[PDB]
There are 2 protein chains.
Amino acid sequence: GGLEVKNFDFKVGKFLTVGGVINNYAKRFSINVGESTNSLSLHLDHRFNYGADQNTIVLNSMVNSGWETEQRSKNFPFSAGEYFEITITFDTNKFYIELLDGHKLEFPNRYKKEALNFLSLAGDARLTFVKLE
Amino acid sequence: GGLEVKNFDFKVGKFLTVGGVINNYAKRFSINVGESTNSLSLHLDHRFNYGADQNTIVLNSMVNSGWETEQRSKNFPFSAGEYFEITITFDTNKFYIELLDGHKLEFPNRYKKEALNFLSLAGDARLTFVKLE
Ligand SMILES: OC[C@H]1O[C@@H](O[C@H]2[C@H](O)[C@@H](O)[C@H](O)O[C@@H]2CO)[C@H](O)[C@@H](O)[C@H]1O
Ligand SMILES: OC[C@H]1O[C@@H](O[C@H]2[C@H](O)[C@@H](O)[C@H](O)O[C@@H]2CO)[C@H](O)[C@@H](O)[C@H]1O
């Protein structure tokens, strides 16, 4: 399942923008890009309240076997019940992430991916649109 | 290479908005919705100039690898070089297509499908925007 959009070649130099609305109540929501649900180059988890993580972004990658080493950021422009928008692009070394308030993040391209074929949102939000150009 | 958007389940009751840019000097561009590249419930070919078709939308479906019987529309709010946007819904009997105009088309849901999992664009355009609500 999940819509296969043929034209969307999310490769080095392309910019992926996702937009949506965070649930009225929210602990966290994530943007995930990689090969599949369990094989991710970038997991971008925006945690309003998840364990010791309050208004913290957690970044990580995943392999079938499990999660890798987390990175954290306190840049947190999001609020429950509000519009979110995120743009992601990458080269062979890094992912470059821009949040709607102009905050910017970076994350290693650990598996040296040149193209990504899978996107999801998970957690307490809904995905409205996917833009690629 | 394509992007699977996990969250997007294009089933009866949902509204698929597809957007992009038409190439300068365009001759035709098409939007396709189905199960796979050669199995389509809806093919919308927006023909600026293709054979005897001038500023005409050609609507069809594809079963096995074969085109079925074409329907045509002369409502053509499209310009080379410009952004386009089209919204598609369906129930088990019809597909409903709304143009940026407000102009609407209807096409039979020939194979009475309840969900579609493949979207593509071909010809003198690029697909940049996919929204689903
Ligand atoms: O690494 C992303 C991954 O984190 C999991 O939660 C971690 C948490 O980040 C960490 O602080 C704690 O020590 O271990 C938890 C369990 O592994 C999430 O459960 C998972 O959904 C991802 O978000
Ligand atoms: O039916 C969609 C399909 O049409 C093809 O062109 C047709 C044309 O529309 C028809 O009037 C003529 O009789 O036969 C042509 C060949 O089947 C396009 O070539 C194809 O790309 C689709 O758009």
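Just follow the structure's listing: the first ligand is 1, and inside any ligand the first atom is 1. A note on names: the letters A, B, ... follow the listed sequences, proteins ahead of strands, and every chain is numbered from 1. Reckoned from all heavy atoms, side chains included, excluding hydrogens, waters and symmetry mates.
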Inter- and intrachain pairs under ring pair (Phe, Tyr, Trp, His ring centres under 6.0 Å), touching residues 109-133 of chain A, at least two apart: A:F129-B:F129
Residues in the immediate environment of ligand 2 (any heavy atom closer than 4.0 angstrom): B:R28, B:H43, B:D45, B:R47, B:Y50, B:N60, B:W67, B:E70, B:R72
Note, A:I57 side chain near A:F76 side chain (heavy atom, < 4.5 Å): yes
Whether A:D91 side chain and A:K94 backbone form a donor-acceptor pair below 3.5 Å: yes
Where at least one partner belongs to residues 123-133 of chain A, residue pairs that pass side-chain hydrogen bond (donor to acceptor under 3.5 Å, both in side chains), sequence neighbours excluded: none
Any donor-acceptor pair under 3.5 Å from B:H43 side chain to B:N60 backbone: no
Residue pairs fulfilling side-chain hydrogen bond (donor to acceptor under 3.5 Å, both in side chains) with at least one residue in residues 7-24 of chain B, sequence neighbours excluded: B:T17-B:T87
